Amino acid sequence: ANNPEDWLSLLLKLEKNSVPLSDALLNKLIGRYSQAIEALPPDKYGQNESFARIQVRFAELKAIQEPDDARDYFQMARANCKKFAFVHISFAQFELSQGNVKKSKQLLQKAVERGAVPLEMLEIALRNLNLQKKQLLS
């Protein structure tokens, strides 16, 4: 059916079956996530956890495919699913990987200020940022 859960499930299955990964299978994977986004209206799904994972997966895959273009996809996921800490952290991780440390901190702090959940995740990420690690989570 047409809901984030069945979509997310079929997407993860596609990833598991796309190993080992080539540019061609990566492209196919990304196109499939875009088809999910075309079918799932954001305003119904702003607090749906599967929908949020779909948006973050699409951004992360685009981050691999073409980093200098992916930012707008991370912003889209944050605008659509602002309640979830993992969304903001994902954005902060991408900015960090680009050397954009000040922007990475602002994302984490804005999320704390806006009450994104769970708070523990934001605190760990911010701890790691200040310990100057490469990964906000592990």
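In this text, residue numbers run from 1 along the sequence as written.
Here the stretch with the larger average CA B-factor, out of 26-34 and 60-68, is 60-68. Stretches 107-115 and 81-89 differ in mean C-alpha B factor, with the higher average recorded for 107-115.
Annotation for residue 44: CA B-factor lies in the middle third of the chain's modelled residues. Ranked by Cα temperature factor within the chain, residue 9 sits in the lowest third according to the deposited record.
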